[PDB]
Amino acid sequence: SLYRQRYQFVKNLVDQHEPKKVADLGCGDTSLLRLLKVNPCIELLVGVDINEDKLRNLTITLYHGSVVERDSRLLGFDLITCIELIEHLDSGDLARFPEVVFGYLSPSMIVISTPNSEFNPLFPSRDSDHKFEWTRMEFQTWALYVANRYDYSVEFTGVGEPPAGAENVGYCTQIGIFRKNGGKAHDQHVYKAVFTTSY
């Protein structure tokens, strides 16, 4: 339902900008990668996840690894996505996350999605699934800070519109699209490749 919408958001973005090198950080069961490989613009498609069990002309590679460690094999990418990841990082990792993804990796575009804790109406269905949840203001102040620090511009959108009678208090999933200002523009191998294929 909503995960479908998130994936389709990313697919639409890929169709629009045709990135050649795409990485999904916190890729989970690799569903998003499976969807994106459809598009022939992509020449390199990479997934990274700390959960090894979930991972068990075109090159596709899956790495067991953490978003807060610098691996040089993820340098020079066109698009990096972090879909529903940041709300599972503890304060330390959250603090390190931008210096690695924006500072070190420095891709042309980054997409970050996270729940809008203010979403109206809250659908009854747990909060204990993740570490934290952010309001729109919390996400946007964080995202603007990161944007200004690393010389990206950030566009806010999301997926999952309020149902027709509800007061609009944002999308269910809030999304920041970060674009490197000006556009494009030693080996540190840390990740362990779990799977790779090329053809």
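So that there is no doubt, residue numbering starts at 1 and follows the sequence shown.
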Problem - Unresolved deposited residues in the interval that joins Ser125 and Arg126 - result: 1 to 3
Problem - Unmodelled deposited residues between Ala185 and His186, binned - result: 4 to 9
Fill in the blank from the handout: The stretch carrying the higher mean Cα B factor in the deposited entry, 164-172 or 30-38, is 30-38
Completion exercise
Going by the entry, of stretches 60-68 and 144-152 the one with greater average Cα B-factor is 60-68
Exercise for the section: Between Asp129, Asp78, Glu84, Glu99, let me know which has the highest C-alpha B-factor in the entry? Expected result: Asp129
Fill in the blank from the handout: When the entry's CA B-factors for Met137, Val159, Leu55, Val46 are compared, the highest one belongs to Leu55
Handout entry: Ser91 CA temperature factor, ranked by third within the chain
Key = highest
Fill in the blank from the handout: Quick tally, chain-level thirds of C-alpha B-factors: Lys20 sits in the middle
Fill in the blank from the handout: Binned into thirds over the chain's modelled residues, the C-alpha B-factor of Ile177 lands in the lowest
Problem - Position of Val14 among the chain's modelled residues by C-alpha B-factor, lowest, middle or highest third - result: middle
